[PDB]
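Take a look at this single chain, the form deposited in one PDB entry, given in C-alpha cells.
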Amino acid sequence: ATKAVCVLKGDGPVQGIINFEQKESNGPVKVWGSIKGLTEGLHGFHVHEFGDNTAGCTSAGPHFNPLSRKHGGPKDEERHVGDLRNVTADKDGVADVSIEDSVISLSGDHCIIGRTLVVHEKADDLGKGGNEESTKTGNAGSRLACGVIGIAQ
C-alpha cells in the first residue's frame, strides 16, 4: 500500500488536509480529509498538471490529462485523470471529503504525486454546462486553495 498527502492553502481563508491511500498498484485510491472556509454547496475539486506553486495556484497548469480526453466527472473513461468532481461544504463551510477514485493513481502514468490538488470557487459542471468550456474545465471559477501532493509515511 502507498500513501500521499496534500495541505491546501491559498490567498484567503480556505485551508485543508487531504490524504490518499492506494492498497494495490492500479487499484482504487481512497481520498479523505477536510477543507474549511468554503461557501456552502458544491466546489470543484481537481488535480492540476504541475506541482508548481511559484505563482500560487495559477502556476499549476491545466487539469491533469495524460490520456488527452475531455473534461468530465462521473464516468471513469470520460474525464481527465485529474477530475475529482466536487466537494460539498455543509452549512458551516466545512467539506468532509471521503471518496474512492479508480482513475487517479499513486504510481505509474496516472500518478498524481508531485502534482497540484485544487479546490475551486464554484461548482464543476461535470461537462454538462452546455458550452465549450464545460468540456475543457467544467467552469468552476477561481482556484481558492491548492497544494502539491507529496509522498506520506
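Residue numbers run from 1 along the displayed sequence.
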property	result
Stretch with the higher entry mean CA B-factor, where the candidates are 12-20 and 140-148	12-20
Given 35-43 and 103-111, the range whose Cα B-factors average higher in the PDB entry	35-43
Deposited CA B-factor, highest of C57, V29, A95, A123	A95
Which of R85, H63, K91, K128 ranks first by CA B-factor in the deposited coordinates	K91
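There is another form of this protein, the form deposited with a partner chain bound, and it is not shown here; the text below is about that form.
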{"property": "Contact label in the deposited bound form: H71 to its partner chain, heavy atom within 4.5 Å", "result": "no"}
